[PDB]
Amino acid sequence: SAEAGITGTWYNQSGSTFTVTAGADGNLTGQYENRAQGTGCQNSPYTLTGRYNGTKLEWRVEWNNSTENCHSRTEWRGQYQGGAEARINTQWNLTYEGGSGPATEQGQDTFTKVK
Ligand SMILES: O=C(CCCC[C@@H]1SC[C@@H]2NC(=O)N[C@@H]21)N[C@H]1CCNC1
């Protein structure tokens, strides 16, 4: 249980932010705001849901809200590092229906509580 430490506002290297509540039971809930240049569904909140087990975290965002539907979703999997300069290091998949078949994009996001 990395509850009090995970809970808060985070920023990745693309300038995207999420705000999350980590319950004692391991529920992750909150909102994600994408600001990655050239992508869809930016600058409005999307629902974040996921699960954590100690330092091990996973959450997903469906890119559909009352503002914009990008017919896609992302899952993040990684580890929380507490203490001075606390970090969430993640691998993500961004999946959607491509022209020929199911698409997957892959990347790494590094999250800090520094704005
Ligand atoms: O472009 C999108 C939806 C927005 C994706 C934002 C990505 S998720 C991983 C990375 N981290 C972050 O903070 N922002 C980016 N969806 C569709 C449009 C057409 N094909 C994918």
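Annotation: for a label point projected 7 angstrom from Cα along Cα→Cβ of residue 69, residues of segment 13-42 with backbone N closer than 17 Å are 40-42. Potential lengthening of the chain between residue 55 and residue 27 amounts to 8.7 nm, from the contour at 0.36 nm per residue minus the alpha-carbon distance. Please list, short to long, the whole-number percent of alpha-carbon pairs of segment 53-115 in consecutive 10 angstrom bins beginning at zero. Distribution as computed: 19, 40, 30, 10, 1 percent.
Using the beta-carbon distance between residue 85 and residue 47 and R0 = 22 Å, what value does 1/(1 + (r/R0)^6) give for FRET efficiency, to the nearest 0.05?
Numbers: r = 29 Å, r/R0 = 1.30.
The computed FRET efficiency comes out at 0.15.
Where does each of 115, 56 land when they are ranked from fewest to most other beta-carbon atoms within 10 angstrom? Spell out each step's value before the answer.
Working: 115 7, 56 13.
Least crowded to most crowded, the residues run 115, 56.
Excluding residue 14 itself, what net charge comes from residues whose Cβ is under 10 Å from its Cβ, given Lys and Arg +1 and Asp and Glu -1? For residues surrounding residue 14, the net value is 0.
Assign unit charges at the C-beta atoms only (+1 for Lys and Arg, -1 for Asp and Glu), then state the dipole size of segment 23-85 relative to its Cα centre in Debye, rounded to the nearest 20.
140 debye
Alpha-carbon geometry of segment 3-111: the Rg and the Dmax are 13.8, 46 Å, given in that order.
Read the figures in this text as sums done on the coordinates, not as results from a lab. A quick note on method: Cβ atoms are made from the backbone with ideal geometry, for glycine too, and the neighbour counts reach across all protein chains shown.
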